[PDB]
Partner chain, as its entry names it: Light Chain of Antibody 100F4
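Just one chain is shown here, as structure tokens, and it is the form deposited without its partner chain.
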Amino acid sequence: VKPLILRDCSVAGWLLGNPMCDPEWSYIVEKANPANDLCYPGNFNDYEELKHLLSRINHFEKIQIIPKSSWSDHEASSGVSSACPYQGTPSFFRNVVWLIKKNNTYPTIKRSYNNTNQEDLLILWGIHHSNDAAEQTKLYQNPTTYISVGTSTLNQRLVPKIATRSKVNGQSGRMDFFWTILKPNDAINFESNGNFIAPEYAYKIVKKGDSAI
């Protein structure tokens, strides 16, 4: 088990799986000025807090918590962007899922994940802010949407801000990302009818000082 030494990628970029960045590690090292952060424009919530938390971790393990194959009623591989290319073609963050309507329908999602592991889990998700009613319809069908997220300590409801915006890295849309630490035997619960960038992979983390000798 070796340290994870990020070359061209930020902490946020690696966690989310920025495709422009070329299973188990100890601590993480991030360079001073990584070229690749968030390829798609937007915000990473409480980023300073996450970086400090992650600097205190010396065991990481990436686990699949919501398999991409489990989205039977939503497209899970159709959402890509020229902001996030791979080998010259539009791509997307690899560790979260851009869910898109399927057959002109976006059923309301209810998904829970229960932390059956012995370690704390870092889980990330996001929201896509669309540019106008037409784009909203095209991608998600439903005009008025939300993402609700709950744990034993988190109670969040995200609502897209649908508005015309300047193009940043070619995109008028924005994506904001959020995270939490899910304690053992706690569960995270999602309900959404659109604009949801869903977790696929999460990270088991152990703080320095918490391991057996």
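Positions refer to the first chain, counted from 1. Only residues modelled in both forms are compared. For clarity, a rigid core is taken as the largest C-alpha set superposing within 1.5 Å between two forms.
Keep in mind the form solved in complex with its partner chain is missing from the figure; the text below concerns it.
*Asks:* Looking at the partner-bound form in the deposited complex, is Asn117 within 4.5 Å of its partner chain by any heavy atom?
*Replies:* Looking in the deposited complex, residue contacts with its partner chain include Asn117, since a heavy atom lies within 4.5 Å.
*Asks:* Please run the contact check for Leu4 against its partner chain in the deposited complex: heavy atoms, 4.5 angstroms, yes or no?
*Replies:* No.
*Asks:* Should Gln64 be classed as touching its partner chain in the deposited complex when contacts are defined as heavy atoms within 4.5 Å?
*Replies:* Judged by the heavy-atom cut-off of 4.5 Å, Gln64 is in contact with its partner chain in the deposited complex.
*Asks:* Hey, in the deposited complex, is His59 touching its partner chain, heavy atoms inside 4.5 Å?
*Replies:* Yes, contact at 4.5 Å.
*Asks:* If we take heavy atoms and a 4.5 Å cut-off, which stretch out of 64-72, 45-53, 152-160, 29-37 is in contact with its partner chain in the deposited complex?
*Replies:* In the other structure, the partner sits against 64-72.
*Asks:* Could you run down 189-213 and flag each residue that has a heavy atom within 4.5 Å of its partner chain in the deposited complex?
*Replies:* The stretch touches the partner through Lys204, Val206, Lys207.
*Asks:* Which of these moves by 2 angstroms or more at the C-alpha between this form and the one not shown, core superposed: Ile28, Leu53, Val149, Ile65?
*Replies:* Between the two forms, the residue that moves is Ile28.
*Asks:* Looking in the deposited complex, are the Cα atoms of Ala32 and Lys167 closer together or farther apart than here, the change being 3 Å or more?
*Replies:* Relative to the shown form, the pair is closer.
*Asks:* Given that the distance between the C-alpha atoms of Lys167 and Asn33 changes by 3 Å or more in the deposited complex, do they end up closer or farther than here?
*Replies:* Distance between the C-alphas of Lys167 and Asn33: shorter in the deposited complex, by 3 Å or more.
*Asks:* Once the rigid core is superposed, list every run of three or more consecutive common residues with all C-alpha shifts of 2 angstroms or more between this form and the one not shown, in sequence order.
*Replies:* Shifted runs of three or more residues, which all move 2 Å or more: 2-8, 23-35, 206-213.
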